Amino acid sequence: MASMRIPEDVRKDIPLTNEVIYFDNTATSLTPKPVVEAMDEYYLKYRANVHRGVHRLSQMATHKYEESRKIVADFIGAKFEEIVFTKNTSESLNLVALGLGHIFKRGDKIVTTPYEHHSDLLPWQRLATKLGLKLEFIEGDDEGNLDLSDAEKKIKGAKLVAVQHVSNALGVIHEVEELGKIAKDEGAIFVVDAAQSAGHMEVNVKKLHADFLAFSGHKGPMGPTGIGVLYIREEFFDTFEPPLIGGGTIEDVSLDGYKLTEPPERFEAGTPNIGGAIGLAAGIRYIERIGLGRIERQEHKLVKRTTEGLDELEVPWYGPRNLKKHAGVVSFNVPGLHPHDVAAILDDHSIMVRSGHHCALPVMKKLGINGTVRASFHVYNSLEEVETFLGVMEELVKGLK
Amino acid sequence: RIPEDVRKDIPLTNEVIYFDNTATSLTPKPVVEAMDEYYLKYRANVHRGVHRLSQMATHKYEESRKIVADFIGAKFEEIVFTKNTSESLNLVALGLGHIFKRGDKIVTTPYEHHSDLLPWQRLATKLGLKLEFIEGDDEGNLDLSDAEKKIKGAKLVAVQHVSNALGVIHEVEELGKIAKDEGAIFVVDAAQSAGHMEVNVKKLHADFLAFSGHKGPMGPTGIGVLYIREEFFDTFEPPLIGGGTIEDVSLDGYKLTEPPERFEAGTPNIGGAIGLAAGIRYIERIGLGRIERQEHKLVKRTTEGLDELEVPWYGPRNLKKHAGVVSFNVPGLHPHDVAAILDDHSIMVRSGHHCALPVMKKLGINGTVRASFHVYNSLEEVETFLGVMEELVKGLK
Ligand SMILES: *[C@H](N[C@@H](C)C(=O)O)c1c(COP(=O)(O)O)cnc(C)c1O
Ligand SMILES: *[C@H](N[C@@H](C)C(=O)O)c1c(COP(=O)(O)O)cnc(C)c1O
């Protein structure tokens, strides 16, 4: 929408960008000043709880919290009522397992990918172990490319399919639209972990054939910490059983029992993170002013240069060689050095990078490595930063071992 | 300095008379500045990275957890961050759900906020348990002799420290001694006590304790606490698991890590925990003693002014047992209407059932209007309240 120069105009709103080269955006994003200003105005100018209390402050907070839910719903192509606020993606996913637990029978089958983050693996493991389910992993290569033929066989008799949109370890962008169409043809519930897609590329629930979808405010959306989202497609309102219950979730309560209210309030127990939802809505508004298409483009350029530069240094990097299937994340290793050491040297030069397993241990074991070092980007990162990154990589790479 | 020196830090204080503190508190500038510093100067995820931003974030996050532990007399590792009291309470029910057998007994009070009632109701329903209520009066002072009777066979006792509808301060020390004496696990809902009066887990004999940053502690929204006494680390099943929760993981198995990370699934509300820690620091600069005295002084004046006006108020007549909350009703007028006219005068009050329908149904009322305080509220505010209240009751001829 807005006429902005990328990345110069985003950088102007983010003071830390003058201090460091921030390449750890898959862990969490830097926060623009206008997102913190939107939260600061709730705290200082209209501080109150919601649930439509008659007083003016509650009226204004409530109106802002509702606005925030709608902004989020539009961003995803969802209806207002299908959006539920959690603390993070992890909560959202656990809520899907706990909320659907009751519909599984011994011998049922959950299928996922072998690349999942622990948060999109552990709930399904625990649930499988407890109810005697089968948990099967669709097959794929070491770059993260899934065998879609194997996907069709695995999904066939599946009760539920849970997949990440993008891998936080490898940067592979899975073909979630195709996987969703398969799940639909086979009558399997489809859950998408969009923790690394939201705010970096397009995420639309109807395009993705999603039944549930989860993402985290603090990542691509450029919101604060402490705010997540769980999309619950309306088809499921009659079966999903709210895992958290109490204030705000009812029509009536007596000492003998209770009656739940309509969604979305049905799923939101107690005072919500009002400030976080306002912040996330400002994050989303900020993203839409830049445009998801231009964000993707800017990340693809950074990925292209970084990658070409590491080939020149003969530094192996992971994930798909086809850049059309590679998000703004480049995991790499320097043979002869431990990832933690590479990240430490990079930190002494003011370049922030992550090292280790990335909460994706099955990725590291599949590939047969201890960790990787990971550089991740966002729209505010620059080609200039990548050049200076390559410059220190170059120096670092000198000497044997 | 009290309350002027606190009011200097809250701009809203110059725009309205905020008497809706039990719903949520107003937030002082230093709380917001602390959260802004994280977002603008050391923004990063926690867990562990070598990079400097992550070192700082990790350090401040841990520091927050310590500040919260010390606030309530706990051990660093016994503090779990959640989104609010309601999540904390639900997590207690879900993580202990496995220890009950059909016919076991859960005991609570009859004045509970829905968040400290429904999880127990649900659990009793699904497990064939006995859910029983200790008796009390309309004020609502609990019958402690009845509590002995009821806690005897109990597997778990859940009580609120203070009622958000009546303002009654329960005798939690005593109820806690009883349940310990009877071998029951004691769970305390301190949503309305944290930040308004002393809450120490040792003194309270609590096994589990819950509170909300956004209320008395003058912290932000989205940050709750659950206290888990070290005794229960091997019984309590973490209801939410994944990132930051493990030691190892493979495609068909997982090993969980140690408290408190074992109970915190995914990227935590870093900015909230840091905001909460600065609210607790702000609270301590003032002192819980002074906060409680300031609020008692407002209740006492408010209450006598409403007697003078023939406006009935609920909860304990004994002010020693009455927190900083006064629920009342104007005869001839629905509470939502009293709240509107008060709002027209820039006085913020809450009306309705306050998510405590069993309180309303025990008293035989639809709801009440609720004026609630904090340390920054003033005597001059209470007087202006009583003035519009007077005009309001006069007009009703
Ligand atoms: C977040 N992963 C990062 C913390 C990282 O790798 O550095 C993530 C989640 C969990 O999101 P939370 O907000 O709950 O921490 C889930 N799925 C994926 C793919 C990622 O990256
Ligand atoms: C919070 N009650 C207020 C919203 C009000 O009475 O208006 C409360 C809870 C729930 O805490 P949350 O932060 O989850 O909403 C639980 N117990 C009590 C006693 C209160 O007041």
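Quick note: numbers below take in every heavy atom, side chains included, and nothing from hydrogens, waters or symmetry partners. Note on naming: letters A, B, ... go to the chains in the order of the sequence lines (proteins, then strands), and numbering restarts at 1 for each one.
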Exercise. Find out whether B:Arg52 and A:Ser350 are in side-chain contact, i.e. whether some heavy atom of one side chain is under 4.5 Å from a heavy atom of the other.
Key: yes
Self-check item: Under 4.5 Å from a heavy atom of chain B, the part of A:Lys45 involved
Solution: backbone
Quiz item: Counting only N and O atoms by type, is there a donor-acceptor contact under 3.5 Å from the side chain of B:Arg122 to the main-chain atoms of A:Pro243?
Solution: yes
Quiz item: To the nearest 0.5 Å, what is the distance between CD1 (B:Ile241) and CG (A:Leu121)?
Solution: 9.5 Å
Quiz prompt | Heavy-atom check, side chain of A:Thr225 versus side chain of B:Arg43, under 4.5 Å | solution = yes
Quiz item: Using non-hydrogen atoms only, which part of B:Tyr38 is less than 4.5 Å away from chain A: side chain, backbone, both, or neither?
Solution: side chain
Exercise. Check each atom of B:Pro268 against the heavy atoms of chain A and say whether the ones under 4.5 Å are side chain, backbone, both or neither.
Key: backbone
Quiz item: So do A:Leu98 and B:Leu240 actually touch side chain to side chain, heavy atoms under 4.5 Å?
Solution: yes
Quiz item: With only heavy atoms counted, which part of A:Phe137 is less than 4.5 Å from chain B, the side chain, the backbone, both or neither?
Solution: side chain
Exercise. Count the heavy atoms belonging to other residues, nucleotides or ligands that lie under 6.0 Å from NE2 of A:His338, then report whether that count exceeds 12.
Key: yes
Quiz prompt | Expected output: side-chain B:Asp343 to main-chain A:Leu57 donor-acceptor under 3.5 Å | solution = no
Quiz item: Can you say whether B:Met360 sits under 4.5 Å from chain A via the side chain, the backbone, both, or neither, judging by heavy atoms?
Solution: neither
Self-check item: Contact winner vs chain A - B:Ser351, B:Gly243, B:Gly49, B:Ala191, heavy-atom pairs under 4.5 Å
Solution: B:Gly243
Exercise. Counting only heavy atoms closer than 4.5 Å, note whether A:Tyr46 contacts chain B via side chain, backbone, both or neither.
Key: backbone
Quiz prompt | Greatest number of heavy atom pairs closer than 4.5 Å to chain A - which of B:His353, B:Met348, B:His354 | solution = B:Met348
Practice problem: Name, in order of residue number, those residues of residues 110-120 of chain A that have a heavy atom at a distance of less than 4.5 Å from a heavy atom in chain B; otherwise write 'none'. | Solution: A:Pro114, A:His117, A:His118, A:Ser119
Quiz item: Which region of B:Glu264, side chain (C-beta onward) or backbone (N, CA, C, O), has a non-hydrogen atom less than 4.5 Å from a non-hydrogen atom of chain A, or is it both or neither?
Solution: neither
Quiz prompt | Which atoms of B:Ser54 approach chain A - backbone, side chain, both or neither, heavy atom under 4.5 Å | solution = side chain
Self-check item: chain A contact via B:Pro335 - which portion, at a heavy-atom distance below 4.5 Å
Solution: neither
Exercise. Look at A:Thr129, A:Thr86, A:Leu93 and state which one has the largest set of heavy-atom pairs under 4.5 Å with chain B.
Key: A:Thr86
Self-check item: Where A:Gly270 and B:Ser86 come nearest, the two heavy atoms and their spacing
Solution: CA-OG, 3.2 Å
Quiz item: Which one, A:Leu95, A:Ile227, A:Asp252, A:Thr249, leads in non-hydrogen pairs under 4.5 Å with chain B?
Solution: A:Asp252
Practice problem: Tell me, yes or no, whether the heavy-atom count around A:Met60 atom CE, taken from other residues, nucleotides or ligands under 6.0 Å, exceeds 12. | Solution: yes
Quiz item: With a 4.5 Å heavy-atom cut-off, do A:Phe85 and B:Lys83 have their side chains touching?
Solution: no
Quiz item: Within a strict 4.5 Å, meaning less than it, do heavy atoms of the A:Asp24 and B:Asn45 side chains meet?
Solution: no
Quiz item: So what's closer than 4.5 Å to chain B heavy atoms on A:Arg374: side chain, backbone, both or neither?
Solution: neither
Self-check item: Top of B:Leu342, B:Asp344, B:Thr267, B:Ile347 for chain A proximity - count of heavy-atom pairs under 4.5 angstrom
Solution: B:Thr267
Practice problem: Tell me, for B:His214 versus chain A, whether the close heavy atoms (under 4.5 Å) come from the side chain, the backbone, both or neither. | Solution: both
Quiz item: Quick one: does A:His51's side chain get under 4.5 Å of B:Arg350's, heavy atoms only?
Solution: yes
Practice problem: Answer with side chain, backbone, both or neither: which region of B:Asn269 has an atom nearer than 4.5 Å to a non-hydrogen atom of chain A? | Solution: both
Exercise. Sort out for me which of B:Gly242, B:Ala93, B:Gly224 touches chain A most, counting heavy-atom pairs under 4.5 Å.
Key: B:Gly242
Quiz prompt | Student check: side-chain heavy atoms of B:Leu251 and A:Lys365 closer than 4.5 Å | solution = no
Quiz item: Measuring from A:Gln125:CD to B:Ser250:OG, what's the distance to the nearest 0.5 Å?
Solution: 6.5 Å
Quiz item: For B:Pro220 and A:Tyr43, which heavy atoms make the closest approach, and how far apart are they?
Solution: CB-OH, 3.0 Å
Practice problem: Against chain B, work out which of A:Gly356, A:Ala360, A:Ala269, A:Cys359 has the most heavy-atom pairs shorter than 4.5 Å and name it. | Solution: A:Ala269
Exercise. Among B:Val16, B:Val50, B:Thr85, single out the residue with the greatest number of heavy-atom pairs under 4.5 Å to chain A.
Key: B:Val50
Quiz prompt | Region of B:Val349 that comes under 4.5 Å of a non-hydrogen atom in chain A | solution = backbone
Exercise. Could you tell me whether B:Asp252 atom CG has more than 12 heavy atoms of other residues or ligands within 6.0 Å of it?
Key: no
Quiz item: Between B:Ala339, B:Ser212, B:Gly253, B:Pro11, which residue shows the highest count of heavy-atom pairs closer than 4.5 Å to chain A?
Solution: B:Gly253
Exercise. Give a yes or no on whether A:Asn370 atom CG has more than 12 heavy-atom contacts from other residues, nucleotides or ligands under 6.0 Å away.
Key: no
Quiz prompt | Proximal to chain B - members of residues 29-36 of chain A, heavy-atom separation under 4.5 Å | solution = A:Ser29, A:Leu30, A:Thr31, A:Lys33, A:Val36
Quiz prompt | 4.5 Å side-chain heavy-atom contact, B:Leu357 and A:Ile250 | solution = yes
